[PDB]
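> Experimental structure below, sequence on top.
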Amino acid sequence: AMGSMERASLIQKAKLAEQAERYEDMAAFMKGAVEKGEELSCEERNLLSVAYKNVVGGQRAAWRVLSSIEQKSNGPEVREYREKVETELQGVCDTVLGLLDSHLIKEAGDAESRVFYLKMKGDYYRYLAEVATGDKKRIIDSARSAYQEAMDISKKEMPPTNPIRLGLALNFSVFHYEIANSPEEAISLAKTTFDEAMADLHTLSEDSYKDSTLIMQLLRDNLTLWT
Amino acid sequence: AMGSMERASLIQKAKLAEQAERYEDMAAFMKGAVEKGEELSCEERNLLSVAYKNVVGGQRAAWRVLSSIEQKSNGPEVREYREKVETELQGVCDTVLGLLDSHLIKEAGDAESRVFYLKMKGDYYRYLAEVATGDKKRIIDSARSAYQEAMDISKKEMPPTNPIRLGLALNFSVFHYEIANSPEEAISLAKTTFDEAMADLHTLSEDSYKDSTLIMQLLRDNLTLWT
Amino acid sequence: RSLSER
Amino acid sequence: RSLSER
Ligand SMILES: C[C@H]1c2ccccc2O[C@@H]1C(=O)NCc1sc(C(=N)N)cc1-c1ccccc1
Ligand SMILES: C[C@H]1c2ccccc2O[C@@H]1C(=O)NCc1sc(C(=N)N)cc1-c1ccccc1
Ligand SMILES: [Cl-]
Ligand SMILES: [Cl-]
Ligand SMILES: [Mg+2]
Ligand SMILES: [Mg+2]
Ligand SMILES: [Mg+2]
Ligand SMILES: [Mg+2]
(Lines give C-alpha, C1' and ligand atoms only; values in the text may rest on other atoms or scores of the structure.)
(Ligands and ions follow the chains in the order given, each with its own letter.)
Protein backbone atom coordinates (compact mmCIF):
# COMPACT_ATOMS: atom_id res chain seq x y z
CA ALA A 1 0.00 0.00 0.00
CA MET A 2 3.10 2.20 0.23
CA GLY A 3 3.98 1.80 -3.45
CA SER A 4 2.50 5.18 -4.37
CA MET A 5 4.48 7.16 -1.76
CA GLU A 6 7.89 8.67 -2.47
CA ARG A 7 10.87 6.98 -0.83
CA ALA A 8 11.90 10.20 0.94
CA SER A 9 8.37 10.67 2.27
CA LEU A 10 8.28 7.10 3.64
CA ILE A 11 11.55 7.72 5.48
CA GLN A 12 10.33 11.04 6.88
CA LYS A 13 7.10 9.40 8.06
CA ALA A 14 9.04 6.54 9.66
CA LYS A 15 10.96 9.13 11.69
CA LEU A 16 7.68 10.80 12.73
CA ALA A 17 6.12 7.45 13.63
CA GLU A 18 9.12 6.72 15.85
CA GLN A 19 8.60 9.99 17.73
CA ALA A 20 4.88 9.20 18.08
CA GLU A 21 5.67 5.63 19.29
CA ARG A 22 3.63 4.25 16.38
CA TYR A 23 5.86 1.29 15.65
CA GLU A 24 3.48 -0.68 13.42
CA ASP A 25 3.19 2.39 11.18
CA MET A 26 6.97 2.84 11.33
CA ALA A 27 7.54 -0.73 10.16
CA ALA A 28 5.05 -0.34 7.31
CA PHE A 29 6.77 2.87 6.14
CA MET A 30 10.21 1.23 6.28
CA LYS A 31 8.98 -1.90 4.45
CA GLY A 32 7.71 0.46 1.77
CA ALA A 33 11.09 2.19 1.63
CA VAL A 34 12.96 -1.13 1.30
CA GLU A 35 10.63 -2.19 -1.52
CA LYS A 36 11.70 0.83 -3.60
CA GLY A 37 14.73 -1.36 -4.37
CA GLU A 38 17.56 1.03 -3.45
CA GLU A 39 20.14 0.12 -0.81
CA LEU A 40 19.58 1.65 2.67
CA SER A 41 21.88 4.07 4.47
CA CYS A 42 23.09 3.48 8.04
CA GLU A 43 20.33 5.72 9.45
CA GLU A 44 17.72 3.97 7.33
CA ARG A 45 18.92 0.50 8.42
CA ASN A 46 18.53 1.63 12.02
CA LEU A 47 14.98 2.88 11.35
CA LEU A 48 14.08 -0.50 9.84
CA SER A 49 15.56 -2.38 12.81
CA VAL A 50 13.99 -0.16 15.49
CA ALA A 51 10.56 -0.47 13.91
CA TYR A 52 10.48 -4.26 13.62
CA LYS A 53 12.25 -4.81 16.95
CA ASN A 54 9.47 -2.92 18.69
CA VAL A 55 6.68 -4.68 16.79
CA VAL A 56 8.04 -8.17 17.39
CA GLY A 57 9.03 -7.22 20.94
CA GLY A 58 5.41 -6.54 21.84
CA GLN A 59 4.35 -9.81 20.23
CA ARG A 60 7.03 -11.78 22.09
CA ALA A 61 6.06 -10.25 25.43
CA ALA A 62 2.41 -11.15 24.78
CA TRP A 63 3.28 -14.69 23.68
CA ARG A 64 5.29 -15.23 26.87
CA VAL A 65 2.38 -14.09 29.04
CA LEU A 66 -0.06 -16.36 27.21
CA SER A 67 2.32 -19.34 27.10
CA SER A 68 2.77 -19.06 30.87
CA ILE A 69 -0.99 -18.99 31.43
CA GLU A 70 -1.39 -21.97 29.10
CA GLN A 71 1.27 -23.99 30.93
CA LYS A 72 -0.41 -23.43 34.30
CA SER A 73 -3.75 -24.60 32.89
CA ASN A 74 -1.99 -27.88 32.01
CA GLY A 75 -11.35 -24.60 27.58
CA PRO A 76 -9.52 -24.10 24.29
CA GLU A 77 -9.38 -20.29 24.57
CA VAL A 78 -5.88 -19.80 26.02
CA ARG A 79 -4.35 -22.15 23.46
CA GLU A 80 -6.32 -20.63 20.60
CA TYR A 81 -5.29 -17.09 21.54
CA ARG A 82 -1.63 -18.03 22.10
CA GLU A 83 -1.73 -19.66 18.66
CA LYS A 84 -3.19 -16.49 17.13
CA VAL A 85 -0.43 -14.32 18.60
CA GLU A 86 2.17 -16.91 17.57
CA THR A 87 0.93 -16.86 13.98
CA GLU A 88 1.06 -13.07 13.87
CA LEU A 89 4.61 -13.11 15.30
CA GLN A 90 5.70 -15.67 12.71
CA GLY A 91 4.20 -13.52 9.98
CA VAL A 92 6.19 -10.45 11.08
CA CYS A 93 9.39 -12.50 11.24
CA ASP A 94 8.67 -13.93 7.75
CA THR A 95 8.14 -10.38 6.44
CA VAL A 96 11.52 -9.21 7.78
CA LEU A 97 13.31 -12.32 6.53
CA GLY A 98 11.70 -11.79 3.13
CA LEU A 99 13.01 -8.23 2.91
CA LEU A 100 16.48 -9.47 3.82
CA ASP A 101 16.33 -12.21 1.18
CA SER A 102 14.68 -10.02 -1.48
CA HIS A 103 17.10 -8.35 -1.76
CA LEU A 104 18.93 -6.49 1.01
CA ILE A 105 21.60 -9.11 1.81
CA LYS A 106 22.64 -9.89 -1.76
CA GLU A 107 23.01 -6.18 -2.62
CA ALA A 108 25.04 -5.38 0.55
CA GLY A 109 28.69 -5.23 -0.49
CA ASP A 110 30.20 -3.30 2.38
CA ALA A 111 30.94 -5.03 5.65
CA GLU A 112 28.89 -2.56 7.72
CA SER A 113 25.74 -3.24 5.73
CA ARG A 114 26.25 -6.99 5.18
CA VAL A 115 26.99 -7.63 8.86
CA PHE A 116 23.96 -5.56 9.91
CA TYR A 117 21.61 -7.55 7.67
CA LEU A 118 23.07 -10.96 8.56
CA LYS A 119 22.73 -10.11 12.26
CA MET A 120 19.08 -9.20 11.58
CA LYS A 121 18.60 -12.54 9.82
CA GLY A 122 19.97 -14.33 12.88
CA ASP A 123 17.75 -12.30 15.21
CA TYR A 124 14.50 -13.00 13.31
CA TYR A 125 15.26 -16.72 13.00
CA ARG A 126 15.99 -16.63 16.75
CA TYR A 127 12.54 -15.13 17.42
CA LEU A 128 11.00 -17.90 15.27
CA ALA A 129 12.97 -20.47 17.28
CA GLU A 130 11.54 -19.15 20.57
CA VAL A 131 8.06 -20.35 19.50
CA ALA A 132 8.99 -23.37 17.37
CA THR A 133 8.69 -26.99 18.40
CA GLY A 134 9.67 -29.30 15.51
CA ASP A 135 11.19 -27.59 12.48
CA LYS A 136 12.78 -26.01 15.54
CA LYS A 137 16.05 -27.71 14.58
CA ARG A 138 16.07 -26.23 11.07
CA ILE A 139 15.24 -22.75 12.37
CA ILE A 140 18.04 -22.92 14.93
CA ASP A 141 20.52 -23.90 12.21
CA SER A 142 19.40 -21.00 10.01
CA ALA A 143 19.94 -18.56 12.89
CA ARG A 144 23.34 -20.03 13.72
CA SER A 145 24.52 -19.88 10.11
CA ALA A 146 23.51 -16.24 9.67
CA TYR A 147 25.14 -15.19 12.95
CA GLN A 148 28.32 -17.14 12.14
CA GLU A 149 28.70 -15.59 8.67
CA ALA A 150 28.20 -12.16 10.24
CA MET A 151 30.82 -12.97 12.89
CA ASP A 152 33.35 -14.09 10.27
CA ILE A 153 32.97 -10.84 8.29
CA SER A 154 32.98 -8.66 11.41
CA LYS A 155 36.21 -10.20 12.76
CA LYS A 156 37.95 -9.60 9.41
CA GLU A 157 36.59 -6.11 8.66
CA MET A 158 35.66 -4.26 11.88
CA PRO A 159 37.51 -3.34 15.08
CA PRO A 160 36.49 -5.13 18.29
CA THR A 161 34.75 -2.00 19.62
CA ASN A 162 32.53 -1.44 16.58
CA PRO A 163 28.95 -1.25 17.93
CA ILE A 164 27.50 -3.48 15.20
CA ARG A 165 30.16 -6.11 15.93
CA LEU A 166 29.48 -5.82 19.66
CA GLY A 167 25.70 -6.06 19.27
CA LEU A 168 26.11 -9.07 16.96
CA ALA A 169 28.28 -10.88 19.49
CA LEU A 170 25.85 -10.01 22.29
CA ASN A 171 22.86 -11.40 20.39
CA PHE A 172 24.75 -14.53 19.23
CA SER A 173 25.67 -15.17 22.87
CA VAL A 174 21.98 -14.90 23.82
CA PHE A 175 21.18 -17.35 21.02
CA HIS A 176 23.70 -19.81 22.44
CA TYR A 177 22.41 -19.48 26.01
CA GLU A 178 18.63 -19.29 25.49
CA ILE A 179 18.01 -21.16 22.20
CA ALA A 180 20.83 -23.59 21.42
CA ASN A 181 21.34 -24.94 24.96
CA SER A 182 25.04 -24.00 24.69
CA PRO A 183 25.61 -21.92 27.84
CA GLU A 184 29.36 -22.45 27.87
CA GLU A 185 29.59 -21.17 24.29
CA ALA A 186 27.52 -18.14 25.35
CA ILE A 187 29.83 -17.37 28.28
CA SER A 188 33.00 -17.86 26.22
CA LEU A 189 31.77 -15.57 23.43
CA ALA A 190 30.62 -12.85 25.80
CA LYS A 191 33.91 -12.95 27.75
CA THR A 192 36.17 -12.87 24.69
CA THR A 193 34.10 -10.10 23.09
CA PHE A 194 34.21 -8.01 26.27
CA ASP A 195 37.96 -8.43 26.77
CA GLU A 196 38.89 -7.70 23.16
CA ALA A 197 36.72 -4.57 23.21
CA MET A 198 38.27 -3.42 26.51
CA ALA A 199 41.74 -3.59 24.98
CA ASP A 200 40.62 -1.42 22.01
CA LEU A 201 38.85 1.38 23.93
CA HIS A 202 42.08 3.45 23.95
CA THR A 203 41.64 4.07 20.21
CA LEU A 204 38.22 5.73 20.54
CA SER A 205 36.96 9.28 20.78
CA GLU A 206 34.82 10.27 23.74
CA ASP A 207 31.61 9.75 21.75
CA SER A 208 32.61 6.37 20.31
CA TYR A 209 33.78 5.30 23.78
CA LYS A 210 30.28 5.96 25.12
CA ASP A 211 28.70 3.96 22.27
CA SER A 212 30.97 0.92 22.79
CA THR A 213 30.91 0.87 26.60
CA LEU A 214 27.10 0.98 26.54
CA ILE A 215 26.95 -2.37 24.75
CA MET A 216 29.82 -3.82 26.79
CA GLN A 217 27.71 -3.23 29.89
CA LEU A 218 25.03 -5.56 28.48
CA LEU A 219 27.67 -8.25 27.90
CA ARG A 220 28.85 -7.80 31.50
CA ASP A 221 25.28 -7.96 32.84
CA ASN A 222 24.67 -11.26 31.06
CA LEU A 223 27.94 -12.72 32.32
CA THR A 224 26.86 -11.83 35.86
CA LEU A 225 23.52 -13.58 35.35
CA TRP A 226 25.14 -16.61 33.70
CA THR A 227 27.92 -17.08 36.27
CA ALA B 1 -15.14 -11.22 12.34
CA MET B 2 -16.05 -12.19 15.90
CA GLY B 3 -19.58 -13.28 14.99
CA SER B 4 -18.64 -16.97 14.96
CA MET B 5 -17.11 -16.97 18.47
CA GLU B 6 -19.12 -17.70 21.60
CA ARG B 7 -19.85 -14.74 23.87
CA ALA B 8 -18.15 -16.43 26.84
CA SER B 9 -15.06 -17.14 24.75
CA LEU B 10 -14.84 -13.50 23.60
CA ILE B 11 -14.97 -12.35 27.23
CA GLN B 12 -12.32 -14.87 28.30
CA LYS B 13 -10.06 -13.78 25.43
CA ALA B 14 -10.57 -10.11 26.33
CA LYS B 15 -9.30 -10.91 29.83
CA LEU B 16 -6.27 -12.72 28.37
CA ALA B 17 -5.57 -9.86 25.96
CA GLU B 18 -5.60 -7.45 28.91
CA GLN B 19 -2.97 -9.53 30.70
CA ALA B 20 -0.89 -9.67 27.50
CA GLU B 21 -1.27 -5.87 27.00
CA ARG B 22 -2.86 -6.53 23.60
CA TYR B 23 -5.42 -3.75 23.76
CA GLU B 24 -6.43 -3.69 20.09
CA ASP B 25 -7.27 -7.39 20.37
CA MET B 26 -9.07 -6.74 23.66
CA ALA B 27 -11.25 -4.06 22.05
CA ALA B 28 -12.08 -6.33 19.10
CA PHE B 29 -13.12 -9.15 21.47
CA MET B 30 -15.28 -6.79 23.54
CA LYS B 31 -16.90 -5.26 20.43
CA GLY B 32 -17.75 -8.82 19.42
CA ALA B 33 -19.23 -9.48 22.85
CA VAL B 34 -21.37 -6.31 22.73
CA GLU B 35 -22.65 -7.28 19.27
CA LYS B 36 -24.11 -10.51 20.68
CA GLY B 37 -26.93 -8.21 21.82
CA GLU B 38 -27.09 -9.10 25.52
CA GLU B 39 -26.60 -6.47 28.22
CA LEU B 40 -23.12 -6.35 29.83
CA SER B 41 -22.28 -7.01 33.47
CA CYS B 42 -20.23 -4.59 35.57
CA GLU B 43 -17.03 -6.58 34.93
CA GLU B 44 -17.78 -6.71 31.21
CA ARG B 45 -18.45 -2.95 31.04
CA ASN B 46 -15.06 -2.39 32.65
CA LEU B 47 -13.36 -4.68 30.11
CA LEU B 48 -14.96 -2.71 27.27
CA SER B 49 -13.87 0.62 28.78
CA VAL B 50 -10.30 -0.48 29.56
CA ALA B 51 -9.80 -1.81 26.06
CA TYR B 52 -10.97 1.27 24.18
CA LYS B 53 -9.39 3.70 26.65
CA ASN B 54 -6.01 2.15 25.96
CA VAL B 55 -6.49 2.07 22.18
CA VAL B 56 -7.64 5.68 21.94
CA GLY B 57 -5.08 6.72 24.55
CA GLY B 58 -2.24 5.61 22.31
CA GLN B 59 -3.81 7.40 19.36
CA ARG B 60 -4.27 10.62 21.35
CA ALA B 61 -0.67 10.56 22.58
CA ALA B 62 0.54 10.10 18.99
CA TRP B 63 -1.73 12.85 17.66
CA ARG B 64 -0.40 15.27 20.28
CA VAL B 65 3.21 14.51 19.31
CA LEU B 66 2.46 15.00 15.61
CA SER B 67 0.32 18.12 16.13
CA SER B 68 3.18 19.68 18.10
CA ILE B 69 5.67 18.90 15.34
CA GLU B 70 3.24 20.30 12.76
CA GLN B 71 2.75 23.54 14.70
CA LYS B 72 6.51 24.14 14.94
CA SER B 73 6.87 23.64 11.18
CA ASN B 74 4.37 26.50 10.76
CA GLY B 75 6.71 19.28 3.00
CA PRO B 76 3.21 17.84 3.40
CA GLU B 77 4.35 14.75 5.33
CA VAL B 78 3.76 15.89 8.93
CA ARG B 79 0.27 17.15 8.09
CA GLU B 80 -0.56 14.05 6.07
CA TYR B 81 0.55 11.71 8.87
CA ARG B 82 -1.22 13.72 11.59
CA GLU B 83 -4.34 13.53 9.43
CA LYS B 84 -3.96 9.76 9.08
CA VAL B 85 -3.70 9.28 12.85
CA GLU B 86 -6.60 11.71 13.37
CA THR B 87 -8.80 9.72 10.98
CA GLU B 88 -7.98 6.47 12.75
CA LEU B 89 -8.76 8.07 16.14
CA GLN B 90 -12.09 9.37 14.84
CA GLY B 91 -12.90 5.91 13.54
CA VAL B 92 -12.30 4.30 16.95
CA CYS B 93 -14.43 6.96 18.65
CA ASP B 94 -17.20 6.42 16.06
CA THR B 95 -17.05 2.66 16.72
CA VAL B 96 -17.49 3.14 20.48
CA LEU B 97 -20.27 5.70 20.02
CA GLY B 98 -21.99 3.30 17.64
CA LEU B 99 -21.94 0.49 20.20
CA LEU B 100 -23.40 2.87 22.78
CA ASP B 101 -26.16 3.97 20.39
CA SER B 102 -26.83 0.48 19.01
CA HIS B 103 -27.92 -0.45 21.59
CA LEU B 104 -26.20 -0.31 24.98
CA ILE B 105 -27.69 2.97 26.26
CA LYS B 106 -31.30 2.30 25.34
CA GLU B 107 -31.23 -1.16 26.97
CA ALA B 108 -29.58 0.12 30.21
CA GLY B 109 -32.34 0.46 32.79
CA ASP B 110 -30.35 0.50 35.99
CA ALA B 111 -28.58 3.65 37.10
CA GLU B 112 -25.18 1.94 37.38
CA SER B 113 -25.25 0.81 33.76
CA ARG B 114 -26.93 3.89 32.27
CA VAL B 115 -24.55 6.29 34.02
CA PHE B 116 -21.54 4.20 32.93
CA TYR B 117 -22.58 4.29 29.27
CA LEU B 118 -23.54 7.98 29.26
CA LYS B 119 -20.17 8.83 30.82
CA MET B 120 -18.51 6.80 28.04
CA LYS B 121 -20.54 8.74 25.46
CA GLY B 122 -19.29 12.00 26.95
CA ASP B 123 -15.70 10.74 27.00
CA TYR B 124 -15.65 9.64 23.33
CA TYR B 125 -17.27 12.88 22.14
CA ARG B 126 -14.64 14.68 24.25
CA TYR B 127 -11.85 12.80 22.42
CA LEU B 128 -13.46 13.80 19.09
CA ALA B 129 -13.58 17.41 20.30
CA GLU B 130 -9.83 17.39 21.04
CA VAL B 131 -9.12 17.04 17.29
CA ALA B 132 -12.12 18.90 15.84
CA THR B 133 -12.06 22.38 14.38
CA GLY B 134 -15.51 23.30 12.99
CA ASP B 135 -18.31 20.87 13.78
CA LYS B 136 -16.30 21.32 16.97
CA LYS B 137 -19.28 23.18 18.44
CA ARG B 138 -21.72 20.34 17.75
CA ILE B 139 -19.33 17.73 19.17
CA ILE B 140 -18.83 19.76 22.34
CA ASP B 141 -22.60 20.02 22.81
CA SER B 142 -23.00 16.26 22.36
CA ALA B 143 -20.36 15.61 25.02
CA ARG B 144 -21.90 18.13 27.42
CA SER B 145 -25.40 16.68 27.00
CA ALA B 146 -24.26 13.11 27.67
CA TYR B 147 -22.24 14.11 30.73
CA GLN B 148 -25.10 16.24 32.09
CA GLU B 149 -27.69 13.45 31.73
CA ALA B 150 -25.28 11.10 33.49
CA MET B 151 -24.77 13.66 36.27
CA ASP B 152 -28.52 14.09 36.76
CA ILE B 153 -29.07 10.33 37.14
CA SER B 154 -26.00 9.87 39.35
CA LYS B 155 -27.06 12.63 41.78
CA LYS B 156 -30.53 11.07 42.13
CA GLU B 157 -29.49 7.39 42.32
CA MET B 158 -25.93 7.02 43.67
CA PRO B 159 -24.13 8.15 46.83
CA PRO B 160 -21.46 10.86 46.46
CA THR B 161 -18.65 8.34 47.00
CA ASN B 162 -19.74 5.91 44.28
CA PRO B 163 -16.68 5.43 42.03
CA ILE B 164 -18.67 5.73 38.79
CA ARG B 165 -20.19 9.00 40.02
CA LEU B 166 -16.76 10.25 41.08
CA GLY B 167 -15.11 9.31 37.78
CA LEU B 168 -17.96 10.93 35.85
CA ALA B 169 -17.56 14.19 37.76
CA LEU B 170 -13.79 14.07 37.31
CA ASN B 171 -14.07 13.63 33.54
CA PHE B 172 -16.82 16.27 33.19
CA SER B 173 -14.57 18.70 35.06
CA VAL B 174 -11.75 17.94 32.60
CA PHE B 175 -14.19 18.56 29.76
CA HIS B 176 -15.05 21.96 31.22
CA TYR B 177 -11.41 22.95 31.74
CA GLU B 178 -9.74 21.58 28.60
CA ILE B 179 -12.52 21.53 25.96
CA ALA B 180 -15.31 23.98 26.82
CA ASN B 181 -13.09 26.86 28.02
CA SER B 182 -15.05 26.89 31.30
CA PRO B 183 -12.29 26.69 33.93
CA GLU B 184 -14.44 28.13 36.71
CA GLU B 185 -17.09 25.48 36.07
CA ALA B 186 -14.34 22.83 36.19
CA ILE B 187 -13.04 24.10 39.53
CA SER B 188 -16.53 24.41 41.04
CA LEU B 189 -17.51 20.88 40.00
CA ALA B 190 -14.28 19.32 41.24
CA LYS B 191 -14.52 21.14 44.59
CA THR B 192 -18.17 20.27 45.24
CA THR B 193 -17.61 16.65 44.20
CA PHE B 194 -14.58 16.33 46.48
CA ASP B 195 -16.31 17.89 49.49
CA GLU B 196 -19.52 15.88 49.14
CA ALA B 197 -17.50 12.66 48.84
CA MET B 198 -15.39 13.56 51.89
CA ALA B 199 -18.53 13.92 53.99
CA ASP B 200 -19.75 10.44 52.91
CA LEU B 201 -16.53 8.46 53.51
CA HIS B 202 -17.71 7.54 57.03
CA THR B 203 -20.31 5.20 55.50
CA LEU B 204 -17.78 3.05 53.63
CA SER B 205 -15.99 -0.20 54.31
CA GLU B 206 -12.20 -0.27 54.21
CA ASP B 207 -12.20 -1.56 50.62
CA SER B 208 -14.77 0.94 49.33
CA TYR B 209 -12.90 3.72 51.15
CA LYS B 210 -9.77 2.86 49.17
CA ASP B 211 -11.72 2.88 45.88
CA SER B 212 -13.31 6.29 46.54
CA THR B 213 -10.24 8.04 47.97
CA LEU B 214 -8.21 6.92 44.93
CA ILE B 215 -10.43 8.94 42.60
CA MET B 216 -10.72 11.85 45.05
CA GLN B 217 -6.94 12.19 44.84
CA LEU B 218 -7.23 12.85 41.10
CA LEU B 219 -9.82 15.57 41.77
CA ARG B 220 -7.45 17.11 44.33
CA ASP B 221 -4.49 16.93 41.93
CA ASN B 222 -6.45 18.79 39.24
CA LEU B 223 -7.58 21.45 41.70
CA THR B 224 -3.93 22.01 42.64
CA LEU B 225 -2.99 22.41 38.97
CA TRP B 226 -5.97 24.67 38.25
CA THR B 227 -5.53 26.95 41.28
CA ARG C 1 -2.54 18.60 31.15
CA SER C 2 -5.49 17.79 33.42
CA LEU C 3 -5.86 14.27 34.78
CA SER C 4 -8.89 12.22 33.72
CA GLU C 5 -10.19 8.98 35.25
CA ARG C 6 -8.14 5.79 35.27
CA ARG D 1 16.03 -13.73 30.93
CA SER D 2 19.22 -12.78 29.09
CA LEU D 3 19.60 -9.26 27.74
CA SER D 4 19.86 -8.77 23.97
CA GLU D 5 20.94 -5.65 22.07
CA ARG D 6 19.02 -2.38 22.28
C1 LIG E 1 24.75 6.34 19.94
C2 LIG E 1 24.24 5.15 19.16
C3 LIG E 1 24.43 3.87 19.89
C4 LIG E 1 25.55 3.32 20.55
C5 LIG E 1 25.46 2.08 21.17
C6 LIG E 1 24.25 1.38 21.14
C7 LIG E 1 23.14 1.91 20.48
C8 LIG E 1 23.24 3.17 19.86
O9 LIG E 1 22.23 3.94 19.11
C10 LIG E 1 22.76 5.26 18.96
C11 LIG E 1 22.55 5.74 17.53
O12 LIG E 1 22.44 6.90 17.28
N13 LIG E 1 22.51 4.73 16.49
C14 LIG E 1 22.33 5.15 15.12
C15 LIG E 1 20.91 5.66 14.89
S16 LIG E 1 19.57 5.21 15.72
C17 LIG E 1 18.46 6.12 14.94
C18 LIG E 1 16.97 6.19 15.22
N19 LIG E 1 16.28 7.03 14.58
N20 LIG E 1 16.37 5.33 16.20
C21 LIG E 1 19.09 6.89 13.92
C22 LIG E 1 20.58 6.61 13.88
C23 LIG E 1 21.50 7.30 12.88
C24 LIG E 1 22.58 6.64 12.29
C25 LIG E 1 23.37 7.33 11.37
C26 LIG E 1 23.10 8.65 11.04
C27 LIG E 1 22.02 9.30 11.64
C28 LIG E 1 21.23 8.62 12.55
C1 LIG F 1 -10.84 -1.23 42.88
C2 LIG F 1 -11.50 -0.70 41.61
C3 LIG F 1 -11.35 0.77 41.48
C4 LIG F 1 -11.57 1.82 42.39
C5 LIG F 1 -11.34 3.14 42.00
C6 LIG F 1 -10.90 3.42 40.71
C7 LIG F 1 -10.69 2.38 39.80
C8 LIG F 1 -10.92 1.04 40.20
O9 LIG F 1 -10.77 -0.21 39.44
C10 LIG F 1 -10.83 -1.27 40.41
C11 LIG F 1 -11.74 -2.38 39.89
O12 LIG F 1 -11.59 -3.51 40.23
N13 LIG F 1 -12.82 -2.00 39.00
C14 LIG F 1 -13.71 -3.02 38.50
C15 LIG F 1 -13.00 -3.92 37.50
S16 LIG F 1 -11.73 -3.51 36.55
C17 LIG F 1 -11.52 -4.93 35.77
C18 LIG F 1 -10.48 -5.25 34.72
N19 LIG F 1 -10.40 -6.44 34.29
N20 LIG F 1 -9.59 -4.23 34.23
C21 LIG F 1 -12.48 -5.88 36.21
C22 LIG F 1 -13.38 -5.27 37.27
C23 LIG F 1 -14.50 -6.08 37.93
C24 LIG F 1 -15.73 -5.51 38.26
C25 LIG F 1 -16.71 -6.30 38.84
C26 LIG F 1 -16.48 -7.64 39.09
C27 LIG F 1 -15.26 -8.21 38.76
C28 LIG F 1 -14.28 -7.42 38.17
CL1 LIG G 1 -8.28 -16.29 19.13
CL1 LIG H 1 0.44 9.17 5.88
MG1 LIG I 1 10.46 8.55 -6.62
MG1 LIG J 1 25.83 -2.97 -3.05
MG1 LIG K 1 -23.86 -18.80 21.97
MG1 LIG L 1 -32.26 -3.35 30.51
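Perfect, I can see it now. Numbers count the residues shown, from 1 in each chain, chains lettered A, B, ... in the order given. Ligands and ions are numbered 1, 2, ... in the order given.
> what number of residues lie near the closest residue to residue A:77 other than its chain neighbours?
Nearest non-adjacent residue to residue A:77, counting by CB to CB, 6 or more residues apart in numbering or on different chains: residue B:12, 4.6 Å away. Quick note: C-beta positions are derived from backbone N, CA and C, even for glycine. Counted with other CB atoms under 10 Å in any protein chain shown, the neighbours of residue B:12 add up to 18.
> tell me the secondary structure for the residue in chain A that ligand 6 sits nearest to?
At 3.9 Å from ligand 6, residue A:109 is the closest residue in chain A, using CB to the ion. The three-state label given to residue A:109 by DSSP: H, G, I helix; E, B strand; the rest coil is coil.
> what about it, how many neighbours?
Around residue A:109 there are 8 residues (other CB under 10 Å).
> Can you work out which other helices and strands pack against the top helix by length along chain A?
The longest helix of chain A (DSSP state H) is helix A:42-72. When contacts are defined as 3 or more CB pairs under 8 Å, 6 or more residues apart in numbering or on different chains; DSSP states H and E, helix A:42-72 packs onto helix A:7-19, helix A:23-34, helix A:77-99, helix A:111-131, helix B:7-19.
> now for those helices, which one comes closest to ligand 2?
helix B:7-19 (5.8 Å; CB to the nearest ligand atom).
> quick one, that closest one and helix A:77-99 angle?
60 degrees (axes from the mean of the first three to the mean of the last three CA atoms, to 10 degrees).
> hmm, who's touching helix B:7-19?
With contact meaning CB atoms under 8 Å, 6 or more residues apart in numbering or on different chains, helix B:7-19 is reached by A:65-66, A:69, A:75, A:77-78, A:80-81, B:2, B:5, B:23, B:25-26, B:29-30, B:32-33, B:36, B:38, B:44, B:47, B:50-51.
> ok, residue A:223 touching residue A:195?
No - Residue A:223 lies out of contact with residue A:195 (CB atoms under 8 Å); the separation is 10.8 Å.
> Work out for me the element residue A:197 sits within.
helix A:183-198 (DSSP states H and E).
> how about stretch A:42-55: buried residues?
A:44, A:45, A:47, A:48, A:49, A:50, A:51, A:52, A:53, A:54, A:55 (16 or more other CB atoms under 10 Å in any protein chain shown).
> swap in stretch A:121-129?
Applying 16+ other CB under 10 Å to stretch A:121-129 flags A:121, A:122, A:123, A:124, A:125, A:126, A:127, A:128, A:129 as buried.
> So which of the residues you listed would count as near chain C as well?
Checking those against chain C by CB under 8 Å from any CB of the partner chain, not one of them is in range.
> ok, the residue of chain A at minimum distance from chain D - how many residues close by?
Closest to chain D within chain A is residue A:167: 3.9 Å, counting by CB to the nearest CB. Per other CB under 10 Å, the neighbour tally for residue A:167 reads 22.
> from memory it sits against residue A:119, does it?
Yes - the pair residue A:167 / residue A:119 is scored as a contact, 7.0 Å apart, by CB under 8 Å.
> Tell me the spacing between the residue nearest to the spatial centre of chain A and residue A:28.
Residue closest to the average C-alpha location in chain A (CA atoms, centre = their mean): residue A:123, at 3.9 Å. Computed as CB to CB, to the nearest Å, the residue A:123 to residue A:28 distance reads 20 Å.
> hmm, stretch A:116-136 touching chain B?
No - Stretch A:116-136 does not reach chain B (CB under 8 Å from any CB); its nearest approach is 14.2 Å.
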